[PDB]
Every structure is written in structure tokens, then in C-alpha cells.
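Chemist: here's a sequence, model it:
(one chain, ligands or ions: 1)
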Amino acid sequence: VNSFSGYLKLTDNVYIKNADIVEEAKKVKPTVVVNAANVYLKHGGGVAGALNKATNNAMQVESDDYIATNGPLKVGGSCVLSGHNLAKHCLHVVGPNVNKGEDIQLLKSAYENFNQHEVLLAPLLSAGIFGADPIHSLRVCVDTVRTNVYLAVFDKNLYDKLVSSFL
Ligand SMILES: O=C(O)C[C@@H](NC(=O)c1cncc2c1CCC2)c1ccc(F)cc1F
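Modeler: Numbers count the residues shown, from 1 in each chain. I have put the structure below:
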């Protein structure tokens, strides 16, 4: 039993809700919140810009130190950093950005990072300003993640479309 409330169950291990991931994180304080990161951990917009704003820019300060030490992530890769006031940990995961020409096959590799964590709160990788089809992102998620994932979809219209079209 966990504290996630109001989710629709899609499969044995995947759940979905129309919610602002920022507000959902502040209430649940999950062990792991997933960020829709880029390789530079520049949290300017989308989910990343919103999460970073909620930390009063502390996520960005920590991220800049991480990059100065380690260099950029790989597309499809991840790193674990602090969750600040939102969660114990933040798993920064880089899905391919279609508006940059990155290979969509890398989306499965990106979701594989979730399997290193028993329970996560997450957005749909490569959705939104990353330019991929969110319906496809949900399919790859369900077919790749085996741990317990709670998906927050900001747009109510998109949430309804994702549920109504889910196979
Ligand atoms: O933001 C992403 O990277 C991906 C995804 N974000 C969220 O669902 C989300 C969840 N919680 C809080 C917030 C967001 C967005 C900003 C604040 C997304 C958003 C809108 C859209 F039209 C498509 C889409 F895929």
C-alpha cells in the first residue's frame, strides 16, 4: 500500500492521473520523482522548468555542479539527484527530443531507467515540448517498465485521450 490517490489502473504496474506533477509531488513526497531532463540538465521549460521552479532553483544549482563534474548525460540515460522539497530523490531521465532529430527508439532505453526504482511518480517521457506522440510514449512505458509507475498527465484533454485510446 502507498499514498498515491485517485489514479486509474492501466496494467498490473502502470497507473495514470490527470494531475500537475509539481502539485502531486508536493503532496505525496514520493521516494522518486522523475524529471523530463535534457543532457545538459538545463531545466528551462516543460516539466523540468516547472519542477525546478518549485525548488526555488535549487535543482538547477545542484544540476550545474553535477554537469561540471561529470559532463552531459546520454540521450536515453539518467542520473539520480536530490528531490529537494518535492521527493527524496529526483531521477533525471533524458528521452529523445523529436524537435532535435533524436532517435525515437531511444525512448525504450529511457524508460528502462525506471526499472532501477521500485516505485516512481513520472511524466510521459518525450511528450510535451519534446515532440513525441504521448500515446506512443504510454505504450512504450507499459511495455518497458516493470516497477510501479504513477503517471501524471497535465493536460486534461490529453489525459482523456490517453485513457480512451489505451489498449
Ligand atoms: O512536461 C513534460 O516534459 C511532458 C508532459 N508534462 C506533464 O504532463 C506535466 C506534469 N506535471 C506538471 C507539469 C507538466 C507540464 C508542465 C507542468 C506534457 C505536458 C503538456 C503537454 F501538452 C504534453 C506533455 F507530454
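
Chemist: pull the number of nearby residues for residue 12.
Modeler: When neighbours are counted by other Cβ atoms under 10 Å, residue 12 registers 8. In this view, the C-beta of every residue, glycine as well, is placed from N, C-alpha and C.

Chemist: that's a strand at it, yeah?
Modeler: No. Using DSSP: H, G, I helix; E, B strand; the rest coil, the secondary structure at residue 12 is coil, not a strand.

Chemist: for it, what are its contacts?
Modeler: For residue 12, the contact set (Cβ atoms under 8 Å, 6 or more residues apart in numbering) is empty.

Chemist: same for the longest helix that the chain contains, what does it pack against?
Modeler: Determined from DSSP state H, the single longest helix within the chain is helix 58-70. Contact partners of helix 58-70 among helices and strands, from 3 or more Cβ pairs under 8 Å, 6 or more residues apart in numbering; DSSP states H and E: helix 46-54, strand 78-82.

Chemist: quick one, phi/psi of residue 89?
Modeler: When read as degrees, to the nearest 10, the backbone of residue 89 gives phi -130, psi 150.

Chemist: can you pull the contacts of it?
Modeler: 31, 32, 33, 80, 81, 82, 83 are the contacts of residue 89 under Cβ under 8 Å, 6+ apart.

Chemist: among the helices and strands packed on helix 58-70, show me which one is buried the most.
Modeler: For the helices and strands packed on helix 58-70, the largest average neighbour count (mean count of other Cβ atoms under 10 Å) is found in helix 46-54, namely a mean of 21.
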